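Working notes, structure below.
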Amino acid sequence: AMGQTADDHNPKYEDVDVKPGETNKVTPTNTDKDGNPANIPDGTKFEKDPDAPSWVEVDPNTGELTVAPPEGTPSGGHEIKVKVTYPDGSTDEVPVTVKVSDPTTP
């Protein structure tokens with residue numbers, strides 16, 4: 001079998017909308033080359049882009065995203081990246097859209 005594990009997986013994160021002082025958690029979903037749900041391979045590792053906000057964290061083993069903007073964080077949108085490394089050393093860059101909403105009043 002030729003190719004890379006990355007060719008057979010398509011991790012995805014739902015959009016995040018979070019107010020200052022909230023904590024939201026997002027589990028990546030995943031589909032195969034045919035578009036059908038599939039589990040991410042065990043041993044896959046996850047790392048946020050080092051330029052991502054300090055208040056976005058990515059579980060290194062599971063890829064779960066914890067988004068916890070402090071009080072005082074400005075409202076606004078962010079387009080961030082998570083690097084996925086499969087156990088064969090292949091990689092994917094996976095985006096997440098993170099909106100910080102106003103604390104009280106949209």
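Just remember, in the structure tokens the first chain shown is A, the second B, etc., residues are 1-based per chain, and ligands are 1-based in the order shown.
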
For the contact check between segment 22-81 of chain A and segment 96-105 of chain A, emit one row per residue of segment 22-81 of chain A within 9 Å, containing the shortest atom pair and the distance in Å rounded to one decimal, counting only C-alpha atoms, chain then rising number order, as CSV.
residue,atom,partner,partner_atom,distance
A:67,CA,A:98,CA,8.5
A:69,CA,A:100,CA,7.7
A:71,CA,A:103,CA,8.5
A:73,CA,A:100,CA,7.9
A:74,CA,A:100,CA,7.2
A:75,CA,A:100,CA,4.7
A:76,CA,A:100,CA,5.2
A:77,CA,A:99,CA,4.4
A:78,CA,A:98,CA,5.0
A:79,CA,A:97,CA,4.8
A:80,CA,A:96,CA,5.3
A:81,CA,A:96,CA,6.1

Go ahead and write the residues just picked, N, CA and C atoms, as a tab-separated table (two decimals), in the first residue's frame.
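Just written: out-v2.tsv:
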chain	number	residue	atom	x	y	z
A	67	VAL	N	-10.63	26.30	24.73
A	67	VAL	CA	-10.59	27.70	24.35
A	67	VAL	C	-11.12	28.50	25.53
A	69	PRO	N	-10.61	32.27	26.63
A	69	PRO	CA	-10.11	33.65	26.59
A	69	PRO	C	-10.30	34.30	27.94
A	71	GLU	N	-10.96	37.22	30.80
A	71	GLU	CA	-11.58	38.53	30.88
A	71	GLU	C	-10.61	39.57	30.33
A	73	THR	N	-10.14	40.06	27.10
A	73	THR	CA	-9.81	39.72	25.73
A	73	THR	C	-10.72	40.48	24.79
A	74	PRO	N	-10.19	41.15	23.77
A	74	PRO	CA	-11.08	41.85	22.83
A	74	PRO	C	-11.95	40.89	22.05
A	75	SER	N	-13.14	41.36	21.70
A	75	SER	CA	-13.94	40.61	20.75
A	75	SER	C	-13.26	40.62	19.39
A	76	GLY	N	-13.61	39.64	18.57
A	76	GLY	CA	-13.06	39.56	17.24
A	76	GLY	C	-12.82	38.14	16.79
A	77	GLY	N	-12.54	37.99	15.51
A	77	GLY	CA	-12.34	36.69	14.91
A	77	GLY	C	-10.88	36.30	14.82
A	78	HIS	N	-10.64	34.99	14.84
A	78	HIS	CA	-9.32	34.40	14.69
A	78	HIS	C	-9.41	33.20	13.77
A	79	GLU	N	-8.41	33.03	12.92
A	79	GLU	CA	-8.26	31.85	12.07
A	79	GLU	C	-6.97	31.21	12.55
A	80	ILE	N	-7.06	30.07	13.22
A	80	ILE	CA	-5.89	29.42	13.78
A	80	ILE	C	-5.68	28.08	13.09
A	81	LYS	N	-4.53	27.47	13.38
A	81	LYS	CA	-4.11	26.22	12.76
A	81	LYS	C	-3.65	25.24	13.83

ask   = If we count only C-alpha atoms, what is near residue 10 of chain A at a cut-off of 10 Å, once residues fewer than 2 positions away on the same chain are taken out, given as a PyMOL selection string?
value = chain A and resi 6-8+12+28-33+35-38+40+92-94

Residue subset to file, keeping C-alpha atoms, as a short mmCIF file (atom, residue, chain, number, x, y, z; two decimals), in the first residue's frame:
data_model
loop_
_atom_site.label_atom_id
_atom_site.label_comp_id
_atom_site.auth_asym_id
_atom_site.auth_seq_id
_atom_site.Cartn_x
_atom_site.Cartn_y
_atom_site.Cartn_z
CA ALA A 6 -2.64 11.76 6.17
CA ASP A 7 -4.15 10.81 2.79
CA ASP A 8 -6.83 8.72 4.53
CA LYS A 12 -12.07 18.94 11.26
CA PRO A 28 -12.15 17.11 16.20
CA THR A 29 -14.28 14.98 13.92
CA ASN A 30 -12.75 12.92 11.15
CA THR A 31 -13.66 11.29 7.84
CA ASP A 32 -11.83 9.04 5.40
CA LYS A 33 -11.10 9.54 1.70
CA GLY A 35 -16.14 11.15 3.23
CA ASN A 36 -17.36 8.69 5.83
CA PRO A 37 -16.73 8.97 9.59
CA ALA A 38 -13.56 7.27 10.80
CA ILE A 40 -8.30 9.27 14.04
CA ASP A 92 -1.93 17.77 8.10
CA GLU A 93 -2.61 21.42 8.94
CA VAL A 94 -6.18 21.78 10.22
#

ask   = Looking at A:90, A:44, A:5, A:24, which one is nearest to residue 57 of chain A, with distances taken over only C-alpha atoms?
value =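 Result for the nearest residue to residue 57 of chain A: A:24.
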
request  = May I have all residues of segment 4-56 of chain A that DSSP, computed from the backbone, assigns to helix (DSSP H, G or I), given as a list in words?
outcome  = residues 5, 6, 7 and 8 of chain A

Selection export as a short mmCIF file (atom, residue, chain, number, x, y, z; two decimals), in the first residue's frame, atoms kept: N, CA and C atoms:
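Full text of part24.cif as output:
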data_model
loop_
_atom_site.label_atom_id
_atom_site.label_comp_id
_atom_site.auth_asym_id
_atom_site.auth_seq_id
_atom_site.Cartn_x
_atom_site.Cartn_y
_atom_site.Cartn_z
N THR A 5 -0.57 8.12 5.89
CA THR A 5 -1.77 8.09 6.71
C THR A 5 -2.59 9.35 6.52
N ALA A 6 -1.92 10.50 6.34
CA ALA A 6 -2.64 11.76 6.17
C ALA A 6 -3.59 11.71 4.98
N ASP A 7 -3.29 10.89 3.96
CA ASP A 7 -4.15 10.81 2.79
C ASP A 7 -5.51 10.22 3.10
N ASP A 8 -5.63 9.48 4.20
CA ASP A 8 -6.83 8.72 4.53
C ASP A 8 -7.63 9.34 5.66
#
